[PDB]
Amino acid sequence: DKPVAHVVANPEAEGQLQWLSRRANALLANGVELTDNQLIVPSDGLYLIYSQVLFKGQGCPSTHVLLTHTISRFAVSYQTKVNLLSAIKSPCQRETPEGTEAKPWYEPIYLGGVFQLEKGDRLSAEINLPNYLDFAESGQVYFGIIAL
């Protein structure tokens, strides 16, 4: 029936965001393809597209870190890549004051919305700092689409 996918990050693929369809509560059906880490839609139509990432770090260093998460559309007809959904997070305000012990921080980001796509359009869900991802628990990093 509906083109659909819900793929999850490979917890073994450290330092990258490699999507898997091949897990206990993942899905990829009805014409959606996972090719070169992108979700490929099988037909023109409206799609709900969504993704979550979770970042974890230890303490706050001198360089101010900004975490980004973006879902982008490579429109096959126009050979162009456009951002559909995006967000930014700052885990730290100032450096961990020296002498004080660094505590782990956690930052989730969720993105989701409805978009008109064309057959063969390629969707990517990417982050700027993949090593910062946390895969320690299932359900924390995912990427999905639903044809409406």
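So that there is no doubt, residue numbering starts at 1 and follows the sequence shown.
Trainee: Please compare 50-58 with 32-40 and say which has the higher mean C-alpha temperature factor in the record.
Mentor: The recorded data point to 32-40.
Trainee: Could you settle it for me: does 20-28 or 5-13 have the higher average Cα B factor in the PDB entry?
Mentor: Per the deposited B-factors, the answer is 20-28.
Trainee: Which of these, 97, 91, 113, 108, has its C-alpha atom at the highest B-factor, as the entry lists it?
Mentor: Comparing C-alpha B-factors across 97, 91, 113, 108, the maximum falls on 97.
Trainee: Ordered by C-alpha B-factor within the chain, which third holds residue 65? Give me lowest, middle or highest, please.
Mentor: Ranked within chain, residue 65 CA B lands in the middle tercile.
Trainee: Can you tell me which third, lowest, middle or highest, the CA B-factor of residue 136 falls into for its chain?
Mentor: Tercile = highest for this residue's CA B-factor.
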